[PDB]
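Heads up: the structure comes next, in structure tokens.
Number of protein chains: 2
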Amino acid sequence: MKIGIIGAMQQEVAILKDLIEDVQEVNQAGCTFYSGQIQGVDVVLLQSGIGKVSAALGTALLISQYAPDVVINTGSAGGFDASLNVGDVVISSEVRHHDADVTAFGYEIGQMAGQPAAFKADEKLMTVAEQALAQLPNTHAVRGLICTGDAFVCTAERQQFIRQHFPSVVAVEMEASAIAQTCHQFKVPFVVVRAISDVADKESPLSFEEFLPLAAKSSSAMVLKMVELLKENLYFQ
Amino acid sequence: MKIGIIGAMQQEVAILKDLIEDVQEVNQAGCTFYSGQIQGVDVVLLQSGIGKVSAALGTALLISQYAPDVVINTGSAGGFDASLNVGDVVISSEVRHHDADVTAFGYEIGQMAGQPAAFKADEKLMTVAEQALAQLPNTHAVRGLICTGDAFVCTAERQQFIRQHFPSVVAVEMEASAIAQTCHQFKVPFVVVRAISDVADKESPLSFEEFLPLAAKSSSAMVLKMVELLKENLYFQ
Ligand SMILES: CSC[C@H]1CN(Cc2c[nH]c3c(N)ncnc23)C[C@@H]1O
Ligand SMILES: CSC[C@H]1CN(Cc2c[nH]c3c(N)ncnc23)C[C@@H]1O
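The listed protein sequences correspond, in order, to chains B and A. Residues 1 to 237, numbered by the entry's author numbering, are exactly what the first sequence covers, in order. Residues 1 to 237, numbered by the entry's author numbering, are exactly what the second sequence covers, in order.
Below is the structure:
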């Protein structure tokens, strides 16, 4: 099997990039693809750039050219769930666009026309995420709805909008729904395994730059454990 | 040369689809690609689906697999310029995301992180659009800023947010900034040539239903004229 791993920023992919053996680097359309193995499993790591369009474009190139069997989205996120602290892992049960509104034509809020209302994380991949979490016993995670938009959420008004329309939201970020929607269109299983850098408030621009390395470390530790598990997961292999 | 043409919806691509000689249809990732010739020029017509993520993934697949020399985005739009009636044409001078906000990190409103603030349409393609307009004297057109978001704009509050932040906007829609950003990352010239189906207000849902066919007709006639000009002029090799 081949594991696709996607992160937006250089800082988000650095830890995993350094673990790739026999690394082959390709640059295309503002994306960087690193292929090789991590601990004996084939991987392709994509640094996509920030936001929904870059993430969608990169994911489409990833799937069409490299044919990963699964896709794992790594990186940082803004926490909405009360139980999350900076550094904690967040796992997608499902992903929605918090900034999509085609309700004029009867779609529910966040649902894009021609799409399901939500993109559900793959059940088998989810089981692997759970096993990985069980192998990191002193770490706290929350699983739930992750909401994506083309905005860095850092105001009370935007928090209120997102909570009012997506009351179960546990975290927000800027790529996951694009990755998830793209995987959905290609019929490729995905899961998001990110970690909290800030709590999406007026302090978040400062918190984010301060704690991005911590979030990358936490998210990357989980993704690495998942890679290790997938190595000997006979359903996927 | 090879001309790439992109529209979101079935009605938006139907007129041009019917003109393709020796048509070859490929279905991939929830997109449809029609390849062949229109009046002796190679074309690839992408039916992208609706919204930024579908448009981005489709455009990435289009450019990476078919290598069009230029990209023309056709279809409908919500008019903002006061002079626009349903059926009138809009030509992009440039495109912006009206729903992007990373101003917390120094970017201007609508600018995505890691991107320029606007995506400028290609000068030669704009010239060809103007030449086409001159040969269609009973089409009224406005050239200017087109703004994109993952929303069907149909409320005074949303219309006014967009006008406040992008005062020169002439029309809005849901794919162009994704196409434009993707073309920017691949370094492929683009232009948007759309036509008005509604004026982005409370009556837009009904206006859109009524006037989508007219908008497809008007925009497609312009695009066909542009195809004929591009065949003749050798502007692009
Ligand atoms: C430099 S732009 C921010 C980058 C970090 N990614 C995740 C993220 C952390 N905190 C967030 C918040 N409060 N709102 C939205 N997104 C995020 C999103 C983007 O790649
Ligand atoms: C069924 S969703 C609408 C489809 C038609 N496209 C253009 C468009 C016309 N009027 C618009 C408006 N008021 N707001 C945003 N977009 C548009 C966008 C999408 O493909």
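For each residue, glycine too, the CB sits at the ideal point set by N, CA and C.
Mind checking residue i: buried by the 16 CB within 10 Å criterion, or exposed?
i         : result
A/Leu-125 : buried
B/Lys-52  : buried
B/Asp-18  : exposed
A/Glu-12  : buried
B/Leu-206 : exposed
B/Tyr-235 : exposed
B/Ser-48  : buried
A/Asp-101 : buried
B/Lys-225 : buried
B/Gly-40  : exposed
B/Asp-22  : exposed
A/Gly-106 : exposed
B/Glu-94  : buried
B/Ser-168 : exposed
B/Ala-134 : exposed
B/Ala-171 : buried
A/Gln-111 : buried
B/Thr-148 : buried
B/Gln-10  : exposed
B/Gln-24  : exposed
Which whole-angstrom value describes the C-beta separation of residue i and residue j, a residue pair presumed to lie in contact below a C-beta threshold of 8 Å?
i         : j         : result
A/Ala-195 : A/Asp-88  : 6 Å
A/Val-90  : A/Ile-146 : 6 Å
A/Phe-208 : A/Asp-201 : Contact flag wrong, Cβ pair sits at about 11 Å.
A/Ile-3   : A/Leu-16  : Incorrect: roughly 10 Å between the Cβ atoms, too far for contact.
B/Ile-50  : B/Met-222 : With 8 Å as the limit, B/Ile-50 and B/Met-222 do not qualify as a contact, their Cβ atoms being about 21 Å apart.
B/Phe-33  : B/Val-26  : 5 Å
B/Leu-61  : B/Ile-20  : Between B/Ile-20 and B/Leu-61 the Cβ distance is about 18 Å, and since that is not below 8 Å, they are no contact.
B/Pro-189 : B/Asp-81  : About 24 Å; that fails the 8 Å criterion.
B/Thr-59  : B/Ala-178 : 7 Å
B/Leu-230 : B/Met-1   : 7 Å
A/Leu-57  : B/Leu-57  : 7 Å
Is residue i helix, strand or coil by DSSP?
i                      : result
residue 238 of chain A : Residue 238 of chain A lies beyond the stretch modelled for chain A, which goes from 1 to 237, so this question has no answer here.
A/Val-227              : helix
B/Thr-182              : helix
A/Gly-87               : coil
B/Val-102              : coil
A/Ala-118              : coil
B/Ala-82               : coil
A/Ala-200              : coil
B/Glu-173              : strand
A/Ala-8                : coil
residue 295 of chain B : Since the first residue shown for chain B is 1 and the last is 237, residue 295 of chain B is missing from the structure and cannot be characterised.
A/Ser-76               : strand
On the DSSP bridge assignment, give the partners of residue i in chain order.
i         : result
A/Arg-158 : A/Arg-158 is not bridged to any residue.
A/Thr-32  : A/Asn-27 and A/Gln-47
A/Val-153 : Partner(s): none; A/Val-153 has no beta bridge.
A/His-97  : A/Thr-148
B/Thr-59  : Looking at the DSSP assignment, B/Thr-59 forms no beta bridge with any residue, so it has no partner.
B/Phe-190 : B/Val-71
B/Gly-40  : DSSP lists no partner for B/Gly-40.
A/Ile-15  : BP columns for A/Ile-15 are empty, so no partner.
B/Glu-232 : According to DSSP, B/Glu-232 bridges with nothing at all.
B/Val-142 : B/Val-90
B/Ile-3   : B/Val-43 and B/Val-70
Rounding to the nearest angstrom, what Cα-Cα distance links residue i and residue j in this structure?
i         : j         : result
B/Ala-129 : A/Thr-182 : 32 Å
B/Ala-14  : B/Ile-63  : 21 Å
B/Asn-138 : A/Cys-31  : 45 Å
A/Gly-36  : A/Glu-108 : 41 Å
B/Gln-131 : B/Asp-150 : 32 Å
B/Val-142 : B/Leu-84  : 7 Å
A/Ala-55  : B/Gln-160 : 29 Å
A/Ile-72  : A/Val-193 : 7 Å
A/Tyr-66  : B/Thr-103 : 35 Å
A/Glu-210 : B/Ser-92  : 40 Å
A/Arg-158 : A/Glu-203 : 14 Å
A/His-97  : A/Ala-117 : 9 Å
A/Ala-29  : B/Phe-186 : 5 Å
A/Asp-99  : A/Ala-176 : 13 Å
A/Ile-38  : B/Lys-120 : 41 Å
A/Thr-155 : A/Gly-78  : 12 Å
B/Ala-180 : A/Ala-215 : 32 Å
B/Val-227 : B/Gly-114 : 33 Å
B/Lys-217 : B/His-165 : 31 Å
B/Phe-152 : B/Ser-76  : 12 Å
A/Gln-237 : B/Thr-127 : 52 Å
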